[PDB]
Amino acid sequence: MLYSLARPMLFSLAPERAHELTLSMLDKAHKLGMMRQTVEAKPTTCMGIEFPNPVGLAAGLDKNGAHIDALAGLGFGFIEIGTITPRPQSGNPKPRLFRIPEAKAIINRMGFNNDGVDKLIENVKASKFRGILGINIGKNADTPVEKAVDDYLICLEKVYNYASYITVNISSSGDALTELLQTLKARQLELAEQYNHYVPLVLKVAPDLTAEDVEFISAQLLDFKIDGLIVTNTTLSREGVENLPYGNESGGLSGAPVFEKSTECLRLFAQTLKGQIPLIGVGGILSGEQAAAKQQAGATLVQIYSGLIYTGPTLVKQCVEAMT
Ligand SMILES: Cc1cc2nc3c(=O)[nH]c(=O)nc-3n(C[C@H](O)[C@H](O)[C@H](O)COP(=O)(O)O)c2cc1C
Ligand SMILES: Cc1cc(Nc2ccc(S(F)(F)(F)(F)F)cc2)n2ccnc2n1
Ligand SMILES: O=C(O)c1cc(=O)[nH]c(=O)[nH]1
């Protein structure tokens with residue numbers, strides 16, 4: 001109720017200001033004993049993890065892990081924080097977040113703004129949440145290309161003992177992916193021995209992929225025994241927003257206009273992987289019906305983000321109800 005009642009006022013504000021205000025008010029309402037949402041039990045076992053329900057928070061909403069307890073109170077089966085980088089960085093210049101309400105869409109070029117991995121870990125330590133926490137790790141913008149792998153390694157080591165699973169986003173070039181996965185997988189196996197427990201590694205792709213891309217990525221997932229695949233991140237397409245304000249802004253498009261492309265990408269990977277690697281369906285979930293559609297296209301879990309801006313927090317409850 002609270003969000004949907006405040007939304008007309010908040011939509012009168014610039015998007016990033018409204019975004020930060022909403023998270024701040026969520027935190028305070030949580031501390032006041034408010035914004036607690038009951039969601040149905042739908043136990044789902046995936047990647048060796050017992051999820052209480054199959055609806056997660058996608059990365060990029062809580063980039064620093066500063067809002068975990070308040071977001072957990074919304075009833076997510078799992079929460080993904082990040083993307084986090086080894087050092088803090090500002091991201092791109094503002095404005096960098098655009099609302100396209102007639103299409104129930106968002107365009108962002110945030111640029112991986114974050115407080116750095118040490119601060120994220122302090123935030124996690126101070127949170128009360130003990131459920132399923134995904135941590136999405138990345139590289140600093142100012143790291144030389146030849147040293148990029150080592151930024152992922154720094155984050156991997158620093159978050160290993162705090163994460164339920166770790167996500168790495170991959171770019172569409174093939175040599176670079178293979179080298180990164182070889183190094184990260186070898187290190188993950190070393191850390192699992194050192195810490196006496198296995199933390200699954202999940203890759204996340206964009207939807208703007210050719211058939212050859214899907215085949216290549218699928219082969220890599222299998223060769224390196226990657227534990228799961230998130231399909232998908234935002235799209236470079238502007239289909240569905242070309243005739244609306246902000247529809248020509250550079251960045252990634254999310255919300256309703258990415259539902260069909262992200263779901264088809266999920267379908268293609270599902271056909272290639274043939275049940276061998278769990279799929280996490282993300283993109284354009286604005287109603288529970290869309291979460292069920294991801295599951296029918298092959299997803300075991302889903303994640304939501306942009307639908308929280310439009311439908312609001314009750315979307316968590318709707319998605320759990322709708323999934324089989
Ligand atoms: C403002 C904004 C910031 C995002 N930042 C991240 C990020 O830091 N890491 C990441 O993997 N995905 C990030 N995403 C992508 C979302 O996790 C998700 O894959 C995409 O938005 C599609 O889902 P949706 O249409 O339900 O929002 C971001 C999305 C938005 C809208
Ligand atoms: C009014 C508004 C809000 C918003 N972000 C947002 C952040 C958190 C939540 S929630 F309520 F997580 F529980 F706190 F769901 C909902 C929405 N954005 C983003 C771009 N424009 C926006 N306008
Ligand atoms: O920080 C960002 O710009 C960002 C990260 C990401 O993975 N996806 C996205 O759409 N934006």
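The residues of the chain are indexed from 1 along the displayed sequence. Both counts, for ligands and for their atoms, begin at 1 and track the order of listing.
Residue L61 places a heavy atom under 4.0 Å from ligand 2. A heavy-atom separation below 4.0 Å is not found between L21 and ligand 2. Between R96 and ligand 3 there is no heavy-atom distance shorter than 4.0 Å. Every heavy atom of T83 sits 4.0 Å or more from the atoms of ligand 3.
Among protein heavy atoms, atom 18 (C) of ligand 1 sits closest to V282 CG1, 3.9 Å. Nearest protein neighbour of atom 23 (N) of ligand 2, counting heavy atoms only, is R99 NH2, 3.2 Å. For atom 13 (F) of ligand 2, the closest non-hydrogen atom of the protein is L74 CD1, 3.3 Å. Of the protein's non-hydrogen atoms, the one nearest atom 2 (C) of ligand 2 is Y3 OH, 3.6 Å. Ranking protein heavy atoms by distance to atom 6 (C) of ligand 2, first place goes to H19 ND1, 3.8 Å. Nearest protein heavy-atom neighbour of atom 15 (C) of ligand 1: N233 OD1, 3.4 Å. Closest to atom 6 (C) of ligand 1, if we only count protein heavy atoms, is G60 CA, 3.3 Å. In terms of protein heavy-atom proximity, atom 28 (C) of ligand 1 is nearest to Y305 CE1, 3.7 Å. Ranking the protein heavy atoms by distance from atom 15 (F) of ligand 2 puts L308 CB, 3.6 Å first. The protein heavy atom nearest to atom 11 (F) of ligand 2 is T22 CG2, 3.5 Å. Closest to atom 14 (N) of ligand 1, if we only count protein heavy atoms, is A59 O, 3.5 Å.
The contact set between ligand 2 and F11, taken as ligand atoms under 4.0 Å from a residue heavy atom, comprises 1 (C), 23 (N). Listed by number with element, the atoms of ligand 1 under 4.0 Å from a non-hydrogen atom of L97 are 1 (C). Interface atoms of ligand 2 facing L10, defined by a heavy-atom separation under 4.0 Å, are 1 (C). Near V258, meaning under 4.0 Å from one of its heavy atoms, ligand 1 places the atoms 25 (O). Near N169, meaning under 4.0 Å from one of its heavy atoms, ligand 3 places the atoms 7 (O). In the vicinity of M110, heavy-atom distances shorter than 4.0 Å reach the ligand 3 atoms 1 (O), 2 (C), 3 (O). Atoms of ligand 1 lying under 4.0 Å from any heavy atom of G82, numbered from 1 in the order shown and given with element: 8 (O). Taking every heavy atom of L97 and a limit of under 4.0 angstrom, the matching atoms of ligand 2 come to 20 (C). Residue contact check: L71 has heavy atoms under 4.0 Å from atoms 12 (F) of ligand 2.
Interatomic distance, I84 CD1 to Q89 CD, rounded to the nearest 0.5 Å: 9.0 Å. Atoms CD and CD, from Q318 and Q290 in turn, are 10.0 Å apart once rounded to the nearest 0.5 Å.
Proximity of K204 to ligand 1, defined as any heavy-atom pair under 4.0 Å, is confined to the side chain (atoms from C-beta onward). With a 4.0 Å cut-off on non-hydrogen atoms, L61 does not touch ligand 1 at all. At a heavy-atom cutoff of 4.0 Å, ligand 3 is contacted by the side chain of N108 but not by its backbone. Residue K204 does not touch ligand 3, judged by heavy-atom distances below 4.0 Å. If you look at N92 next to ligand 3, there are no close heavy atoms at all, none under 4.0 Å.
Counting heavy-atom neighbours within 6.0 Å of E242 CD, excluding the residue itself, gives a total above 12. Other residues, nucleotides and ligands contribute more than 12 heavy atoms inside 6.0 Å of the CZ atom of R36. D175 CG: 12 or fewer foreign heavy atoms inside a 6.0 Å radius. Within 6.0 Å of atom CG in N161, more than 12 heavy atoms from other residues, nucleotides or ligands are found, so the atom counts as buried in its surroundings.
Between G111 and ligand 3, at least one pair of N/O atoms sits closer than 3.5 Å. Looking at ligand 1, you'll find an N or O of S306 within less than 3.5 Å of one of its N or O atoms. Close N/O approach between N233 and ligand 3 is found [any backbone or side-chain N/O within under 3.5 Å]. Looking at ligand 1, you'll find an N or O of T83 within less than 3.5 Å of one of its N or O atoms. Between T234 and ligand 1, not a single N/O pair is under 3.5 Å apart. Residue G255 has at least one N or O atom closer than 3.5 Å to an N or O atom of ligand 1. Polar contact with ligand 3: present for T234 (N/O pair, distance under 3.5 Å).
Counting heavy atoms from C-beta on, the side chains of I170 and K204 never come closer than 4.5 Å. In this structure, the side chains of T44 and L301 come closer than 4.5 Å at one or more pairs of heavy atoms. Residues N53 and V39 form a side-chain contact, since some pair of their non-hydrogen atoms from C-beta on lies under 4.5 Å apart.
Inspection of the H67 and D27 side chains reveals an N or O donor paired with an N or O acceptor under 3.5 Å. Judged purely by distance below 3.5 Å, without hydrogens or angles, the side chains of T178 and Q220 pair a donor atom with an acceptor atom. In this structure, a donor-acceptor pair under 3.5 Å is absent between the side chains of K104 and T311.
Nearest to atom 19 (O) of ligand 1 by heavy atom, out of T235, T232, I81, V168, is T232. In this structure, of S254, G138, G284, the residue bringing a heavy atom nearest to atom 26 (O) of ligand 1 is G284. Across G111, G134, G281, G283, heavy-atom proximity to atom 22 (C) of ligand 1 is greatest for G283. Nearest-residue assignment for atom 8 (O) of ligand 1 (options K104, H19, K63, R109; heavy-atom criterion): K63.
Ion pairing between a basic and an acidic side chain is recognised when a charged N comes within 4.0 Å of a carboxylate O; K42 and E321 show no such pairing.
Minimum interatomic distance between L184 and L156 (heavy atoms only, all atoms of both residues): O-CD2, 3.8 Å. Contact between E179 and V149 at its shortest, heavy atoms only, is OE1-CG2, 3.9 Å.
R99 forms no cation-pi arrangement with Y246, by the criterion of a distance under 6.0 Å to the ring centre and an angle within 45° of the ring axis.
Listed by first and then second residue, the ring-ring contact (aromatic ring centres under 6.0 Å, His included) pairs that reach into residues 148-170 are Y160-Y195, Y160-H197, sequence neighbours excluded.
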Just do the side chain to side chain donor-acceptor pair (under 3.5 Å) check on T263 and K294 with the steps written out, would you?
CA-CA 6 Å; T263 302; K294 304 279 190 196; 2.9 Å; yes
Please lay out, stage by stage, how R187 and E190 fare under the test salt bridge (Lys or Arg N to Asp or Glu O under 4.0 Å).
CA-CA 5 Å; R187 188 77 183 123; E190 292 169 343; 2.9 Å; yes
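Checking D115, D151, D142 one by one against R87, the side-chain hydrogen bond (donor to acceptor under 3.5 Å, both in side chains) holds for a single residue, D142.
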